[PDB]
**Q** 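One structure is given below, represented as structure tokens, and several questions about it will come after.
In this chain, numbering begins with 1 at the start of the sequence shown.
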Amino acid sequence: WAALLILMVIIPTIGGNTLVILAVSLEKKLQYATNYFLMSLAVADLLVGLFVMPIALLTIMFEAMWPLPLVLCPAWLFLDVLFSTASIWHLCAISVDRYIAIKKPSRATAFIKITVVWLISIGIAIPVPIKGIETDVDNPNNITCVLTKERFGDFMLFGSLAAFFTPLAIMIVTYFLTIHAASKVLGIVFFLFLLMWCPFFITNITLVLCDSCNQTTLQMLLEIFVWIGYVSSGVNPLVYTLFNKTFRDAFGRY
Ligand SMILES: CCN(CC)C(=O)[C@@H]1C=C2c3cccc4[nH]cc(c34)C[C@H]2N(C)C1
Ligand SMILES: *[C@@H]1O[C@H](CO)[C@@H](O)[C@H](O)[C@H]1NC(C)=O
């Protein structure tokens with residue numbers, strides 16, 4: 001069925017990230033500090049594909065029924081917010097980097113940047129576990145693990161504003177600023193991949209701010225769009241790494 005095709009699309013997500021990290025770790029001619037930041041995208045996307053996606057596939061297979069203990073329901077959601085957000089902000093840093101380069105003419109700076117990005121992601125993700133889910137029964141086989149509008153109403157709005165629209169505005173500004181000052185074929189196409197997450201957040205804000213909209217109608221659209229988001233997140237690092245020819249030569253070696 002569709003599950004086989006979905007699994008055949010998940011396998012590349014694990015494959016590409018491990019290929020990228022193997023390319024970085026194996027060779028020494030690609031050891032410049034800017035690749036250390038790409039390592040963060042590689043590991044984040046690898047973790048997403050390894051953990052989040054299979055749970056979603058089983059949630060599709062077993063109809064809205066949790067196949068795991070109750071305690072795991074919040075934690076999974078926490079991870080679903082921790083890694084995905086961590087991806088998006090990373091892209092923003094790349095834009096900033098290019099800006100600095102355009103106005104330019106060490107390892108510590110890269111480590112500081114990575115740490116700051118990850119702390120921002122943790123801060124955004126940490127509201128979820130502390131305020132847990134609410135259910136009428138204690139049996140995991142009778143419940144559905146979905147964030148509700150009533151329990152999380154302000155969190156969804158502010159998390160969508162912080163995680164998506166702020167970095168989006170930052171890059172929209174920095175692109176024009178760079179143009180008012182290799183850089184074109186890459187940035188234009190590598191930032192349009194972000195667009196593939198916009199429909200999820202637009203629909204989420206619509207659900208937050210509409211009191212006369214059919215919730216059931218919007219829920220199916222959200223479920224459809226979330227998978228497109230995962231596809232974009234998984235495909236971005238391979239698309240980036242294939243641009244260089246040294247990476248293409250290295251990949252075939254092992
Ligand atoms: C289809 C249902 N699911 C999965 C259970 C979601 O809607 C997830 C909810 C997310 C979410 C909500 C609210 C704020 C947010 N910031 C960052 C994310 C986020 C990530 C985002 N993940 C990717 C999908
Ligand atoms: C609730 O879980 C029990 C498990 O014993 C199952 O038999 C029952 O059909 C479930 N109720 C539903 C799915 O409405």
**Q** Measuring only between side-chain heavy atoms, which start at C-beta, is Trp197 closer than 4.5 Å to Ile228?
**A** no
**Q** Count the heavy atoms belonging to other residues, nucleotides or ligands that lie under 6.0 Å from CG of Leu68, then report whether that count exceeds 12.
**A**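 Buried by this count: over 12 neighbours within 6.0 Å.
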**Q** Any heavy-atom pair between the side chains of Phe191 and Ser95 that's under 4.5 Å?
**A** no
**Q** Please confirm whether the backbone N or O of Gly15 pairs with a side-chain atom of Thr18, one donor and one acceptor, at under 3.5 Å?
**A**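 Between the backbone of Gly15 and the side chain of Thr18 there is no qualifying donor-acceptor contact (under 3.5 Å).
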**Q** Who passes ring pair (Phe, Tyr, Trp, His ring centres under 6.0 Å) against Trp76, sequence neighbours left out?
**A**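 Per chain and number, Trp76 pairs via ring pair (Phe, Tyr, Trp, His ring centres under 6.0 Å) with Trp66.
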**Q** Taking a hydrophobic cluster as the set of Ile, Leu, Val, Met, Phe, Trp and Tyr residues connected by side-chain heavy atoms closer than 4.5 Å, whether directly or through intermediates, do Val71 and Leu77 fall within one such cluster?
**A**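 No, separate clusters.
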**Q** In Å and rounded to the nearest 0.5 Å, what is the CD1 to NE2 distance from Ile88 to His90?
**A** 11.0 Å
**Q** Please check: side-chain N/O of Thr85 versus main-chain N/O of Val81, any donor-acceptor pairing under 3.5 Å?
**A**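 Yes, because the side chain of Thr85 sits within donor-acceptor range (under 3.5 Å) of the backbone of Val81.
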**Q** Any donor and acceptor pair, going by atom type alone, linking the side chain of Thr109 with main-chain N or O of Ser106 inside 3.5 Å?
**A** yes
**Q** To check you understand the geometry: which heavy-atom pair defines the closest contact between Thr13 and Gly49, and what is its length?
**A** CG2-CA, 3.7 Å
**Q** Could you check whether the rings of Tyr240 and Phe190 sit parallel, tilted or perpendicular, using 30° and 60° as the cut-offs?
**A** tilted
**Q** State, with a plain yes or no, whether a side-chain heavy atom of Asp45 is found less than 4.5 Å away from one of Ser87.
**A**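 Yes, their side chains come closer than 4.5 Å.
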**Q** Which pair of non-hydrogen atoms, one from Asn139 and one from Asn142, has the smallest distance, and what is that distance?
**A** ND2-OD1, 2.8 Å
**Q** Can you tell me how far CG of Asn236 sits from OG1 of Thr241, rounded to the nearest 0.5 angstrom?
**A**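 Spacing of OG1 (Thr241) from CG (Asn236) equals 11.0 Å.
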**Q** Is the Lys NZ or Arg CZ of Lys131 less than 6.0 Å from the centre of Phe155's six-membered ring, within 45° of the axis?
**A**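 No, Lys131 and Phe155 do not form such a contact.
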**Q** Over all heavy atoms of both residues, which pair between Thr144 and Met65 is shortest? Give the atoms and the distance, please.
**A** OG1-CE, 4.0 Å
**Q** Determine whether a donor-acceptor pair (N or O, by modelled atom type, separation under 3.5 Å) exists between the side chain of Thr174 and the backbone of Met171.
**A**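 Not a single qualifying donor-acceptor pair exists.
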**Q** Quick one: does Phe165's side chain get under 4.5 Å of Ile170's, heavy atoms only?
**A** no
**Q** Is there a side-chain contact between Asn17 and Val43 (heavy atoms, below 4.5 Å)?
**A** no
**Q** Is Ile130 reachable from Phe152 through a run of I, L, V, M, F, W or Y residues, each pair having side-chain heavy atoms under 4.5 Å apart?
**A**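 No, separate clusters.
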**Q** Walk me through whether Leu38 and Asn35 qualify under side-chain contact (heavy atoms from CB on, under 4.5 Å).
**A** CA-CA 5 Å; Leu38 274 77; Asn35 269 354; 4.2 Å; yes
**Q** Do any N or O atoms from the side chain of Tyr254 and from the backbone of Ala23 form a donor-acceptor pair under 3.5 angstrom?
**A** yes
**Q** Side-chain heavy atoms nearer than 4.5 Å, only ILVMFWY residues, links allowed to pass through others: does that put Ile126 and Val52 together?
**A** no
**Q** Could you give the distance from CZ (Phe51) to CD1 (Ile55), rounded to the nearest 0.5 Å?
**A** 9.5 Å
**Q** Considering all heavy atoms of both residues, which atom of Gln219 and which atom of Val146 are nearest to each other, and what is their separation?
**A**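 So the minimum-distance heavy-atom pair works out to NE2-CG1, 3.7 Å.
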**Q** Hey, could you give me the OG/CG distance between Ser233 and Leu91, rounded to the nearest 0.5 Å?
**A** 10.5 Å
**Q** Taking side chain as C-beta onward, heavy atoms only, is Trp227 less than 4.5 Å from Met53?
**A** yes
**Q** I'd like to know if the side chain of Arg151 and the backbone of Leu147 have a donor-acceptor N/O pair within less than 3.5 Å.
**A** no
**Q** Shortest non-hydrogen contact from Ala162 to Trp89?
**A** O-CZ2, 3.5 Å
**Q** Whether the side chain of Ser121 engages the backbone of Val117 through a donor-acceptor N/O pair (distance < 3.5 Å, no angle test) should be reported.
**A**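 At least one qualifying donor-acceptor pair exists.
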**Q** Report yes if some heavy atom in the side chain of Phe200 is under 4.5 Å from a heavy atom in the side chain of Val226; otherwise report no.
**A** yes
**Q** Do you know the tightest heavy-atom contact between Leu57 and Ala3?
**A** CD1-O, 4.2 Å
**Q** Under 30°, 30 to 60°, or over 60°: which ring-plane class applies to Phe201 and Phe164, parallel, tilted or perpendicular?
**A**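 Aromatic pair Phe201/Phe164 classed parallel.
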**Q** Are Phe83 and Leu72 connected, step by step, through hydrophobic side chains (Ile, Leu, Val, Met, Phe, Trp, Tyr) whose heavy atoms are closer than 4.5 Å?
**A**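 Both belong to a single hydrophobic cluster.
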**Q** Could you tell me whether the side chain of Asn214 reaches within less than 4.5 Å of the side chain of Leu218, counting heavy atoms only?
**A**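 They are not in contact (no side-chain heavy atoms under 4.5 Å apart), so the answer is no.
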